[PDB]
């Protein structure tokens, strides 16, 4: 029943420590952009298409591109096999990911078009929606899409009384609150904010603040993964 062993966590982490995070851009031949993220035990691909032809004109918007996001978990990604197909959870995360990425995109630049983002969770462990939003910005940046900023994302929570950074499965399952946040760092604009659980106002707010610090950390890995991309075309 023990999540802080005095005052470290089950995996050895401190209250405000991140799980190891590795991200890579341009991992798929076919997508216009891609990123792969390993964030703790999470393994997620993001694919982007295009701006591409939207069908039909009914779905077409006259002055702008529409953003379509589909978040999905492979059946083998979870401890107990998931039948494939969206469920209510996935539908909701898709929506909120959409909402997290939209403000970052200059949609009026590709009118009558769709930009499709696919987030595939190959292994899940908590924080998939934030790891997904983090890799989905790199993938949009990978597809050469103009963006006001990257969208960086990270979750905080409350476990055994304490506000902590970046829950794993166990802490999320058994904790008291999970607060995912997504931001466009440069201007401190929160593009995702959810709270699941039970918090006082001052606990909610410390969590929002804590997750914003971890999102800013994740933001430096996004830039670094993008810097890595232009060190690879600078050959030669």
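Residue numbers count along the first chain shown, from 1.
Legend entry - Which of 51-59 and 31-39 has higher mean CA B factor, as the PDB entry lists it: The stretch with the larger mean CA B-factor is 51-59.
Inset, instruction - Could you check which stretch, 209-217 or 6-14, carries the larger mean CA temperature factor in the entry? - result: Taking the mean C-alpha B-factor of 209-217 and of 6-14, the larger value falls to 6-14.
Legend entry - Member of 84, 157, 103, 161 with the greatest C-alpha B factor (per the PDB record): Comparing C-alpha B-factors across 84, 157, 103, 161, the maximum falls on 161.
Legend entry - Criterion, highest CA B-factor; candidates, 125, 108, 166, 142: Answer, based on the entry's C-alpha B-factors: 108.
Legend entry - Record-listed C-alpha B factor of residue 135: chain third: Within its chain, residue 135 is a lowest-third residue by C-alpha B-factor, going by the deposited values.
Inset, instruction - Looking at the entry's B-factor column for C-alpha atoms only, identify whether residue 150 ranks in the lowest, middle or highest third of its chain. - result: Middle third - that is where residue 150 ends up once the chain's C-alpha B-factors are sorted.
Legend entry - Where the record places residue 172 (Cα B-factor, split into thirds across the chain): According to the entry, residue 172 has a C-alpha B-factor in the chain's middle third.
Legend entry - Third assignment of residue 65 from its chain's C-alpha B-factors: Highest third - that is where residue 65 ends up once the chain's C-alpha B-factors are sorted.
Inset, instruction - Looking at the entry's B-factor column for C-alpha atoms only, identify whether residue 189 ranks in the lowest, middle or highest third of its chain. - result: Tercile = middle for this residue's CA B-factor.
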